[PDB]
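Here you get one chain, nothing else, as C-alpha cells; it is the form deposited in one PDB entry.
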C-alpha cells in the first residue's frame, strides 16, 4: 500500500506562493504536542552540543533568541536576523524546486520547512523538518561571512542550472552547509546543520575513528558522491568560514565542464591528493 507522506499530510488545507513557494508560517497548525516535541529536541541537542558545535552556532541560538519551549515565530526571529545580516527566513511546505531554492539564497532568504516531526520520530526524520531547518541551519546566518557564503552559493544556481551542474553544487552544499566540520585550536568542531540537529551523528563525527576527515577542497568536493540514509563516510574540514566564501570567488563554469566527464569519488573514498586529518 501507498499512503500519503508527512509533507502531504501536514500541508492539507494549505497553499503557497506560485512563484517563490512560500506561505505565511501557519502558527495555528502547531499543536501542544508540536511545541513539546520542539522543546524536547532543543533540550536534547543543547545538552549534547557543548564542546562539539562550533562556538558561533551556540552563540547564534542565543542572539536570535531561538525559543527553547515552542516552535519559533519566524517573523519574530527575522527582526533579529535582518538587523544582523539582512537575511530572513521564509516558510515553505517542504522540498521546493532547486531554481527557487537558489533564488531564495541569492536574495538572502533561507527557506525553512514549517512543520515538525511527530514525537514518535524524535530520534530521526529523513525529511527535513522545522527543527532541522531552523535549529540546525539558521543560527550561523547571523555570521556575516557564513551568510555571504550562502548568498554567493545561491547566486551560482543560474549558471549551474544552465550547464546541467546543479548536482555538483548540491555536493558542495551537502559537504559544507549540511555536514561540514571546522577545525579550531580547541579541537575539531561542527558547523553542518545535518549534524547539529542529529541525535548521534555529532558523537560519531568527532569521536569515531571510522569516518575520514579531509581538508576542504572545492574540486574534490564537487566530484564526491553522497548518501542521505546513513552517517557520512567522509567529512570535509574548513579552517574558517572565510575559506568557504573565498571558494566561491572563481568562475565555476570551467570546473563543471571538467567534472562532467570525470568519475566521481565514492562517499567513502580517500583521493590521492587529500589532506587527511
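Positions refer to the first chain, counted from 1.
Only in words, not in the display: the form deposited with a small molecule bound, which the text now covers.
Put simply, residue 194 is far from the small molecule in the entry with it bound: not one heavy atom of it is within 4.5 Å. Residue contact with the small molecule in the entry with it bound: residue 98 places a heavy atom within 4.5 Å of it. Under a 4.5 angstroms non-hydrogen atom cutoff, the small molecule in the entry with it bound lacks residue 201 among its neighbouring residues. Contact annotation for residue 115: none of its heavy atoms lies within 4.5 Å of the small molecule in the entry with it bound. This chain lacks the partner; the member of 180, 72, 128, 136 within 4.5 angstroms of the small molecule in the entry with it bound by a non-hydrogen atom is 128.
The contact with the small molecule in the entry with it bound, taken as any heavy atom within 4.5 Å, belongs to 170 out of 106, 84, 145, 170. With the partner left out here, the small molecule still marks one of 171 to 179, 185 to 193, 115 to 123, 75 to 83 in the entry with it bound; by a 4.5 Å heavy atom cut-off that stretch is 171 to 179.
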